[PDB]
Amino acid sequence: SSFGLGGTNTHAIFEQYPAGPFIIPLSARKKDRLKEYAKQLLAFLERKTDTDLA
Amino acid sequence: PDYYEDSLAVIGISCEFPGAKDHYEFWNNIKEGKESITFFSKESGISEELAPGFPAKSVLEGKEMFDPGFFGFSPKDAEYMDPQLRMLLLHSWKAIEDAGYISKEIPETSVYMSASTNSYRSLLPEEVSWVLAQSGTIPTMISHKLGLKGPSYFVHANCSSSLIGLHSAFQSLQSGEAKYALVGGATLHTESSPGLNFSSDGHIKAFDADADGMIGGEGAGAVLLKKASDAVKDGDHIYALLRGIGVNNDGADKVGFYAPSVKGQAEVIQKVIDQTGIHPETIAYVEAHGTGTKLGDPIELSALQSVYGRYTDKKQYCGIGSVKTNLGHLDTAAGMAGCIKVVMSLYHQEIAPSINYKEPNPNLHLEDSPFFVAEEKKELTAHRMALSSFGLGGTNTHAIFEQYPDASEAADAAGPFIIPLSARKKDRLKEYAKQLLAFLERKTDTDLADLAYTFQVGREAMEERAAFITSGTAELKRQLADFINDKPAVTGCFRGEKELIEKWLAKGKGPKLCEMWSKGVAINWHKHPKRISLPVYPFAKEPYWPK
C-alpha cells in the first residue's frame, strides 16, 4: 500500500514465483574499473558457493 | 530342493558400520529408521560453506583400535599396518566364528577382500623399511593367519568392489576350486574433519525431490559363503541365499568418466535375470544404489523399469530403498552394506524403511514404476530381493537373493551339556562371559544344545579356559555372573589354564570332561545339534596410530 499526501492512493499485489570449460568476458571503461570489477566478482564467488558457472 | 546346486548361501556375517557394533545391532537400527550421521556444535575458524565442503560426519568409533597380540604381532608392527587391513582381519575371524567354524578346520576357503587407498604409509615418519603392506597383503595376511588354502586375492572396482568379491566367490565355489569363500570390504580414511556431488545438508535423501548429493562414510564387513546344497546337507546356519550376480562396464556410451549410464546398468540387470531366469514379479524389495543425486536416482529406476517392464510387470509391487540413507556412501564397503541389509531382511522377512524421504521425485514416475519407495516397516507373508551397486569407474553390479525358509526346531533331548569358553587373556575371558552373559537374556530362549554345540565346535581352544557344565539357561547364566563375579568358588565351574598324553589315547564319552578340557586336548564331537550364531571373540581395545 502507498497513499499520497495528495490523496492519491495506490495498492498492489504480488505473487511468489517458483560442462567443463567456461569463458568469462569482463570489460570496463577503465583499467581500475575493470580491476574493481574483479574484486567484486571474486568477492561474490566467495560468499555464494553453490553458484553455477555455466 | 531345486535350483540350489547353483547357488551360494550366506552362512556367516560380521560387520561394523556407523552406529553399529555388530550386524544384529545394525539391522535393528535400520528397521527403526535410525540414522547414524553425526553433527558438531562447538568443535577451526572457517564457519563458511559448510565446514559443500562438509558440517557433519559419518563415523566409525574405534577404527584405530586393535588386538595385535592375538595374531603374534608386535605393537610396532600394528602401527605400520593399515587400519583397513586390521579391521578386515578381525572381521574375517569373527565372520567364520559366526558361521560356527574354526578356520583351521576349513582350509578349503577362498578369500576376496577390497579396500581403499588411504595413503596410510604416508603418515608414518620418514623411512630398514619394506613397503609390503600392499593391497595384496590384506587377503593374503588373512589366509595366512586363518590357515586358508583357497585362492586368496584382492579385488577392486570402486563403488562396486564388494559385489566383485561376491562375483568371484560365485564363480569360484561353482567351479569347485573351493568349498567356502570369504568376502569382505572396508573403507577407513586417514584424516580429520558445487563442482561435485556433495549433499547440501549432509542428508542422503534418496528418492526425495530435494536430493542434491551424498555424504561419505566408513565401514567394514565380511561374510562367509557356501554352496547352498552343501549348507543344508552340512547343517550350517543360513541367513539367506545368493542366486546370481552380474558384472559389466558402461563402455564409452555416456559422456564422462563420472557419468552413470542407463544402458549399462540395464544390461547387468537383464543379464542376471537371464542367468537365474528369476521373474521380476518374484521380487519383493530392491536395494538401489541410492546415492542421492538428482540425476543418478532417475537413471537407476529408469534402467530398472525398462528391464522389469518388458516382463510380466505393470503394477507397483516392489519396494525400493537405499541403506546409504542411514550410513552414507562407504566407497568400497557400499556393496557390503547393501548386501548385509538385504540378507538380514530376508532372514527376518521384514523390509527396512528408507529414511529422509518426504516427497517423491517427480522424475521417478514411480506410479508407472513397478516399485514403491519404502517409508514403513513391513509385513511379509520364498521371497526374493535384489541389490545394485554402480561404480564410479563405470562398472556395474546387480545381485538377487532368495529367502531360506524351513526350520523344524526341536526341544532339547538331553538336560545337561558343557560349554567350553576360552580366550587368549584372562581379561578377555571375563568380558566374553559378559558379552555372552548379556546375550542369553537378550535372546530369551535359545537352545544350548546348539549353543553348547557351537562352542564345543566352531570355537578354538585358547589358553585361558573356563568350562561350564550346567543344565539350565538361568542356571548357566547366573553361574556365569558367578564366573564374572570373579573369585567366588561356587559354580560347577572349572578354571582354565589354571604335558602330552597325545599317544594313542582312547576317550569314552558319558561324563564330565571339563577338567580334562580345563587343561587338556579333548575333541567334543560325538553328539547331533545344529550350528548357530552366538557371540564371538571379544578383541581387546588397544589403539595404534602414527604420531
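- As stated in the entry header, the method of structure determination is X-ray crystallography and the reported resolution is 2.93 Å.

- Chain B is annotated in the PDB entry as NRPS/PKS protein from Bacillus amyloliquefaciens.

- By the naming in the PDB entry, chain A goes by NRPS/PKS protein and is assigned to Bacillus amyloliquefaciens.

Remarks on the sheet that holds strand β14 (residues 395–403) of chain B
Residues and elements named next belong to chain B.
Part 1 of the argument: Pairing is mixed in the open sheet, where 11 strands are placed in the order β6-β5-β7-β8-β1-β9-β14-β13-β10-β11-β12. Edge strands, defined here as strands with exactly one partner in the open sheet, are β6 (152–154) and β12 (371–373). Each strand of the sheet is rotated relative to its neighbour by a mean of 25 degrees, with strand direction disregarded.
Part 2 of the argument: Sheet analysis places strand β9 (residues 240–249) next to β14, joined by 9 bridges and oriented antiparallel. By the bridge assignment, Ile245 is partnered in β14 with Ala399.
Part 3 of the argument: On the sheet, helix α3 (residues 83–98) packs against β1 (8–16), β5 (109–115), β7 (180–187) and β8 (219–227) and is oriented at approximately 130 degrees with respect to β1.
Part 4 of the argument: Against the sheet, helix α8 (residues 296–309) touches β10 (283–287), β11 (318–321), β12, β13 (384–390) and β14, its axis set at about 155 degrees to β12.

So, the environment of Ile501(B)
All names here are of chain B.
Part 1 of the argument: You can see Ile501 is positioned in the loop between β17 (493–494) and α14 (514–518).
Part 2 of the argument: Owing to a relative accessible area of 61%, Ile501 belongs among the exposed residues under this scheme.
Part 3 of the argument: As for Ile501 and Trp517, which are separated by 16 residues in sequence, their C-alpha atoms are 13 Å apart.

Digging into α3(B)
Residues and elements named next belong to chain B.
Part 1 of the argument: Here α3 is 16 residues long and its end C-alpha atoms lie 22 Å apart, about the 22 Å a rise of 1.5 Å per residue gives.
Part 2 of the argument: Most of α3 is tucked away, with 16 of its 16 residues classed as buried.
Part 3 of the argument: Among the residues trailing α3, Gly100 stands out with phi positive, at a value near 90 degrees.

Digging into the sheet that holds strand β15 (residues 419–423) of chain B
Residue and element names in this part refer to chain B.
Part 1 of the argument: The antiparallel open sheet is built from 3 strands, whose spatial order is β15-β16-β17. At either end of the open sheet lies a strand with only one pairing partner, and these are β15 and β17.
Part 2 of the argument: The pairing of strand β16 (residues 464–468) with β17 spans 2 bridges and is classified as antiparallel. Following the sheet pairing, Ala467 is matched in β17 by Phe494.

Re the pattern of salt bridges
Part 1 of the argument: The full count for this structure, using the stated rule, is 15 salt bridges over all chains.
Part 2 of the argument: In this structure, the salt-bridge partner of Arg33(A) is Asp32(A), at a minimum N-O distance of 2.9 Å.
Part 3 of the argument: The exposure class of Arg33(A) is partly exposed, given its relative accessible area of 40%.
Part 4 of the argument: Ionic pairing is found between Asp212(B) and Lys205(B), a salt bridge with its closest N-O pair at 3.0 Å.
Part 5 of the argument: Given a relative accessible area of 27%, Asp212(B) falls into the partly exposed group.
Part 6 of the argument: What makes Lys205(B) buried here is its relative accessible area of 9%.

A short note on the domain arrangement of chain B
Residue and element names in this part refer to chain B.
Part 1 of the argument: By the assigned domains, chain B splits into domain 1 (1–410) and domain 2 (411–539).
Part 2 of the argument: Each partner contributes residues to the interface: domain 1 has 20 residues there, and domain 2 has 20 residues.
Part 3 of the argument: In this assembly, domain 1 packs against domain 2 so that about 1,700 Å² is buried in total across both faces, 56% of it on carbon and sulfur atoms.
Part 4 of the argument: Looking only at domain 1, the three residues that lose the most surface to domain 2 are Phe70, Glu97 and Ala410, adding up to 29% of its buried area.
Part 5 of the argument: If you look at where domain 1 meets domain 2, you find 1 salt bridge.
Part 6 of the argument: Counting across the interface, domain 1 meets domain 2 through 5 residue pairs in polar contact.
Part 7 of the argument: The biggest single contributor to the side of domain 1 that touches domain 2 is α3, with 5 residues.

A few points about the side chain of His383(B)
All names here are of chain B.
Part 1 of the argument: Turning to its location among the elements, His383 is positioned in the loop between β12 and β13.
Part 2 of the argument: Polar contacts involving the side chain of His383 include one to the side chain of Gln403, which spans 3.0 Å.
Part 3 of the argument: The residues touching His383, leaving out its near neighbours within four places in the chain, are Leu346, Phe401, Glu402 and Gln403.

A look at a nonpolar patch on the surface
Part 1 of the argument: A surface patch of nonpolar side chains, about 720 Å² in accessible area, is lined by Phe22(A), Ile24(A), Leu26(A), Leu34(A), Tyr37(A), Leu41(A), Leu45(A) and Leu53(A).
Part 2 of the argument: Following the sequence through the fold, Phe22(A) ends up in the loop between β2 (9–10) and α1 (31–47).

Let's talk about the packing of helix α11 (residues 426–442) of chain B against helix α13 (residues 473–484) of chain B
Residues and elements named next belong to chain B.
Part 1 of the argument: In the contact formed by α11 and α13, the axes pass within 9 Å of each other and the chain directions differ by 150 degrees. Comparing the axis directions of α11 and α13 gives the class roughly antiparallel. Considering the relative orientation of α11 and α13, their crossing is left-handed. Contacts between α11 and α13 involve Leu429, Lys430, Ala433, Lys434, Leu436, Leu437, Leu440 and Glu441 from the first element and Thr473, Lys477, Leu480, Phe483 and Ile484 from the second.
Part 2 of the argument: Partitioning the contact of α11 with α13 into residue classes produces 8 nonpolar, 1 polar and 4 charged.

Conventions adopted
Residues numbered from 1 in each chain as written, not as in the entry; some residues may be left out. Chains lettered and ligands numbered in written order. Part of a larger assembly, values for the part shown. Heavy atoms only, no water. Pairing = 2+ DSSP bridges. Helix = DSSP H or I, 4+ residues; strand = E, 2+ residues; numbered from the N terminus. Axes fitted to C-alpha atoms, helices over the stretch in contact; angles between N-to-C directions. Contact = heavy atoms within 4.5 Å. Buried < 20%, exposed > 50% of the residue type's maximum accessible area, 1.4 Å probe, protein only. Expected span 1.5 Å × (residues − 1). Salt bridge = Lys/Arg side-chain N within 4 Å of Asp/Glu carboxyl O. Domains from an automatic or database assignment. Buried area = accessible area lost by both parts, 1.4 Å probe. Polar contact = N/O pair within 3.5 Å; in protein donor to acceptor, adjacent residues only side chain to side chain. Patch = residues over 30% accessible without salt bridge, like charges linked within 9 Å, V, L, I, M, F, W, Y side chains within 5 Å. Areas by Shrake-Rupley, 256 points an atom, 1.4 Å probe, with all protein chains shown as cover. Parallel < 35°, antiparallel > 145°, perpendicular 65-115°, else oblique. Left-handed = near helix turned anticlockwise from the far one by under 90°. Nonpolar A, V, L, I, M, F, W, Y, C, P; charged D, E, K, R; others polar.

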